[PDB]
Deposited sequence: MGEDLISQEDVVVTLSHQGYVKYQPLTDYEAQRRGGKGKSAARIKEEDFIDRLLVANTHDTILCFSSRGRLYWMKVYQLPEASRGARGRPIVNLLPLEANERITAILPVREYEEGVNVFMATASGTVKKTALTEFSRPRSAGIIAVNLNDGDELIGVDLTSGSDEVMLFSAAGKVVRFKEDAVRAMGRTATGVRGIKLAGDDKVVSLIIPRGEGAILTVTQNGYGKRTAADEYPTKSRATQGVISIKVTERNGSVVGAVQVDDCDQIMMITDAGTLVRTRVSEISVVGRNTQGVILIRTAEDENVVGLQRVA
């Protein structure tokens, strides 16, 4: 079973809705989740903290309705955004939480290490100044990990390469980042869906997942897309199936939805095609799979 849909918007309004009613009848859905009313959600923030919430503590609101600001439900600091929401019925055994920071560190902790909530939240990974927790997902012990950087680099390695650490551990380096570069996306590749990447000035592309070679961790990585001044930096990458849609938002509030099947499937050593035509000082700031 899975009863309701949890949504967290780009502006930080959170709500839930029974999914039957969610199926029937600016701001975009930044995280979507499916769970029971009495499931727990682990809310991981950009500051590297973790909060526990019962789904029923969220507002039940219709799909037109706005929801409640999550800053009013969690003890969030200034500019502390929710970067992951993970649903847990039972802290399933043999399942890992994998985390990735902008500075290229990664961390793997068993799900069960989070079975004891603290209402003030905990530190899920200690961060330095300016470093951010940019990705969290669940792995099974036998998954691969892909880290995507702003400069068009990607590293792909088996999750075995990261020793399962304790809840307090500081984490190891997942990718070697040159100079200004930062990790922007984490992907646990599953299935045959292609990798879609988009840049700041609206270029992007699909590349078959099997064309991303499995390297070792803590290397410099290979190229995922050629980043130029025309291109702009990589904003994000997601795995999509051919019937999926993506949504992109610029810092000018322009929202574009696009069916993935219309985006060309090319190699890693390209600049991409235009997915959204940005103005001169407009930059893509958000990518999300629908």
Fill in: Where the deposited sequence has no C-alpha coordinates (positions from 1, in order)
1 to 7, 33 to 46, 312
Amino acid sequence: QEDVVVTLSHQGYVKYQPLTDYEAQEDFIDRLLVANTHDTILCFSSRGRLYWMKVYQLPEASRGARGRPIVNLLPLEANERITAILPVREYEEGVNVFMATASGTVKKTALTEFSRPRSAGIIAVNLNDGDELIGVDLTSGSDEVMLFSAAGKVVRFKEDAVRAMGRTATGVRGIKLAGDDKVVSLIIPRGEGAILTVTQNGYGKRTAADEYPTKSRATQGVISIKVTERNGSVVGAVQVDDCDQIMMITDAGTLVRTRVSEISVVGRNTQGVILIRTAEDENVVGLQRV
From here on, numbers count along this sequence of modelled residues.
Discussion item. Comparing average C-alpha B factors as deposited, tell me which of 83 to 91 and 194 to 202 sits higher.
Written reply: 83 to 91
Discussion item. Which is higher on mean Cα B factor in this entry, 247 to 255 or 57 to 65?
Written reply: 57 to 65
Worksheet item: Per the PDB entry, which option out of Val106, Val183, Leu127, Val71 has the greatest Cα B factor?
Response: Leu127
Response to the item:
The largest CA temperature factor among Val234, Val238, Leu32, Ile223 is found at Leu32
Worksheet item: Taking the C-alpha B-factors as the PDB entry records them, is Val5 in the lowest, middle or highest third of its chain?
Response: highest
Discussion item. Looking at the temperature factor on the CA atom of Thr20, which third of the chain's modelled residues does it land in?
Written reply: highest
Item to complete: Compare the C-alpha B factor of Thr139 with those of the other modelled residues in its chain, then answer lowest, middle or highest third.
Response: middle
Worksheet item: Of the three thirds of its chain by CA temperature factor, lowest, middle or highest, which one includes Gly174?
Response: middle
Discussion item. By the recorded C-alpha temperature factor, relative to the other modelled residues in its chain, which third is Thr278 in?
Written reply: middle
